[PDB]
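Enquirer:
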Amino acid sequence: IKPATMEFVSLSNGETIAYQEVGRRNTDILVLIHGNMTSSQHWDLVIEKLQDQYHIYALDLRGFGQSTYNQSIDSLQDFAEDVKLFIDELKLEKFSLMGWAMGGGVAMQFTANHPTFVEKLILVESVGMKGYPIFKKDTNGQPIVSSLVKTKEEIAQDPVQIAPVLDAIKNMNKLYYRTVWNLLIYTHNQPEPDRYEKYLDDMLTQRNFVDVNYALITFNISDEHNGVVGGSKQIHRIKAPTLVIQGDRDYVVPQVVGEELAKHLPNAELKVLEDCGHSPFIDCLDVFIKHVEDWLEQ
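Everything in the sequence shown is counted per the authors' numbering, starting at 2 for the first residue and increasing by one.
#1: Among all the DSSP beta bridges, which residues are the ones paired with residue 247?
#2: At 4 residues or longer, what runs of the alpha helix (DSSP H) sit wholly inside the segment 73-122?
#3: CA-CA distance, residue 158 and residue 51?
#4: Taking the alpha-carbon of residue 195 as reference, which of 106, 274, 15 and 42 has the nearest alpha-carbon?
#5: For residue 292, tell me which candidate among 265, 246, 34 and 114 has the shortest Cα-Cα distance.
#6: Can you name the start and end residues of the beta strand (DSSP E) that residue 21 belongs to?
#7: Evaluate residue 39 with the Cβ neighbour count: other Cβ atoms within 10 Å of its Cβ, from every protein chain shown; 16 or more gives buried, anything less gives exposed.
#8: Let's see if you can read the secondary structure: which residues bound the beta strand (DSSP E) around residue 126?
#9: Look at residue 71 and residue 15 and say whether their C-beta atoms are less than 7 Å apart.
#10: Does residue 248 have its Cβ less than 7 Å from a Cβ in chain D?
#11: Give the DSSP-derived three-state secondary structure of residue 193 in the structure shown.
#12: Look at the Cβ atom of residue 249, then the Cβ atom of residue 74, and state whether they are nearer than 7 Å.
#13: In the DSSP output, which residue or residues are listed as bridge partners for residue 1?
#14: DSSP three-state call for residue 131: helix, strand or coil?
#15: Can you give me the start and stop residues for the beta strand (DSSP E) that residue 145 sits inside?
#16: Check the DSSP bridge columns for residue 10 and list the partner residues they point to.
#17: Can the beta-carbon of residue 253 be found less than 7 Å from the beta-carbon of residue 279?
#18: Looking only at its own chain, which residues have a Cβ that is under 8 Å from the Cβ of residue 9, when we skip the five neighbours before and after it?
#19: Whole angstroms are fine: how far does the CA of residue 214 sit from the CA of residue 168?
#20: If you follow the beta strand (DSSP E) that residue 58 is part of, which residue opens it and which one closes it?
#21: Over what stretch of residues does the beta strand (DSSP E) that includes residue 137 continue unbroken?
#22: With distance defined between alpha-carbon atoms, name the residue in 24, 142, 123 and 284 nearest to residue 268.
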């Protein structure tokens with residue numbers, strides 16, 4: 002149930018990034034970016050399927066997994082800049098890039114900012130181009146959908162979405178995370194028990210939950226205001242061939258989100274996965290891997 006053995010690289014901004022590196026004798030490089038509540042350990046199933054063919058780097062973003070969190074982040078662009086410093090340290094010149102959920106936002110932001118490095122981009126249940134808002138909660142714990150959270154301080158005060166996660170982290174409460182993930186992600190299929198335990202241990206390594214939520218409500222690469230922040234228009238700079246993967250029953254990132262990404266990206270194809278939620282790795286790995294291999298090999 003232990004995590005994978007990790008490598009470490011210190012960046013010029015004073016962080017130390019932990020990362021898995023496998024398939025070191027393959028030629029084509031693939032870089033993997035996890036999402037919220039996870040580190041690179043959640044890529045294990047994809048790493049097992051792809052490492053016989055790809056040189057894979059799967060990193061723990063700052064404040065996740067075994068990476069440091071010496072300075073806080075406040076935007077997904079901060080994560081993208083770490084990835085830039087990372088690949089600079091490792092002399093990577095050309096790679097394919099795949100991001101999951103919040104990691105798709107990071108991957109989009111990286112690709113818009115560093116076009117000469119990204120051959121292919123794959124977005125897996127990515128956050129949308131106007132981010133992911135948080136609402137105030139009523140007395141039943143339900144969103145008040147005309148009352149938007151806009152600051153880090155409000156996020157810290159949320160008693161349903163945020164505070165129980167922080168308490169679970171401080172109390173090593175795995176049962177909390179199991180209940181949440183079973184309700185919203187593992188609704189039809191669960192990882193195998195040993196793998197799920199590793200995943201739950203992985204969730205407890207997060208040290209930046211409030212900051213990441215703030216970065217998500219202010220993420221906006223569209224042409225329009227999202228109700229919180231103006232849009233950077235940078236989605237128009239994502240010229241890499243992009244595959245947008247979207248599950249048909251993703252309860253965290255609904256299908257309309259992937260459809261809008263494929264509409265607004267310059268060079269994108271959309272594949273909606275049948276009988277698939279927020280984790281294609283658990284719901285339909287072999288179909289997912291087939292799509293990824295076809296994209297990368299094109």
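All C-beta atoms in this analysis are idealised placements derived from N, C-alpha and C, irrespective of residue type, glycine included.
Expert: On the basis of the coordinates in this document:
#1: For this step, residue 247 is matched to residue 246 along the sequence shown. Residue 247 is bridged to 273.
#2: The segment 73-122 contains these whole alpha helix (DSSP H) runs: 77-90 and 103-114.
#3: Residue mapping note: residue 158 aligns to position 157 of the sequence shown, counting from 1. Residue mapping note: residue 51 aligns to position 50 of the sequence shown, counting from 1. In a straight line, the C-alpha of residue 158 is about 41 Å away from that of residue 51.
#4: Counting from one through the sequence shown, the residue named residue 195 turns up at place 194. Checking every option, the nearest Cα to that of residue 195 belongs to 42.
#5: Here residue 292 is taken as the residue at index 291 of the sequence shown, counted from 1. Restricting attention to 265, 246, 34 and 114, the CA atom closest to the CA of residue 292 is found in 246.
#6: One-based indexing of the sequence shown puts residue 21 at position 20. Residues 17-23.
#7: Here residue 39 refers to the residue found at position 38 of the sequence shown. Result: buried.
#8: For the purposes of this step, residue 126 is taken as the residue at position 125 of the sequence shown. Run containing residue 126: none; DSSP gives neither H nor E here.
#9: As a working mapping, residue 71 is identified with position 70 in the sequence shown. As a working mapping, residue 15 is identified with position 14 in the sequence shown. By the CB criterion at 7 Å, residue 71 and residue 15 fall inside the cutoff.
#10: Protein chains in the displayed structure number just one, and chain D is not present.
#11: As a working note, residue 193 is residue 192 in the sequence shown. Coil, per DSSP.
#12: As a working mapping, residue 249 is identified with position 248 in the sequence shown. As a working mapping, residue 74 is identified with position 73 in the sequence shown. By the CB criterion at 7 Å, residue 249 and residue 74 fall outside the cutoff.
#13: Outside the shown range of the chain (2 to 299) lies residue 1, about which nothing can therefore be said.
#14: Counting from one through the sequence shown, the residue named residue 131 turns up at place 130. In the three-state reduction of the DSSP assignment, residue 131 falls in the coil class.
#15: Residue 145 sits at position 144 when you count from the first residue of the sequence shown. Counting along the chain, the beta strand (DSSP E) containing residue 145 begins and ends at 144-149.
#16: Counting from one through the sequence shown, the residue named residue 10 turns up at place 9. Answer is 18, bridged to residue 10.
#17: In the sequence shown, residue 253 corresponds to position 252, counting from 1. In the sequence shown, residue 279 corresponds to position 278, counting from 1. For residue 253 and residue 279, yes; Cβs fall inside 7 Å.
#18: Taking the sequence shown and counting its residues from 1, one reaches residue 9 at position 8. Shown here for residue 9: same chain residues with a beta carbon closer than 8 Å to its own, the five before and five after excluded, namely 17, 18, 19, 20 and 67 in chain order.
#19: For the purposes of this step, residue 168 is taken as the residue at position 167 of the sequence shown. For the purposes of this step, residue 214 is taken as the residue at position 213 of the sequence shown. Rounded to whole angstroms, residue 168 to residue 214 spans 16 Å at the Cα level.
#20: On the sequence shown, position 57 is the one that residue 58 refers to. For residue 58, the enclosing beta strand (DSSP E) covers residues 56-60.
#21: The residue you call residue 137 lines up with position 136 of the sequence shown. Unbroken beta strand (DSSP E) run through residue 137: 136-138.
#22: Here the question's residue 268 lines up with position 267 in the sequence shown. In terms of Cα proximity to residue 268, the closest of 24, 142, 123 and 284 is 123.
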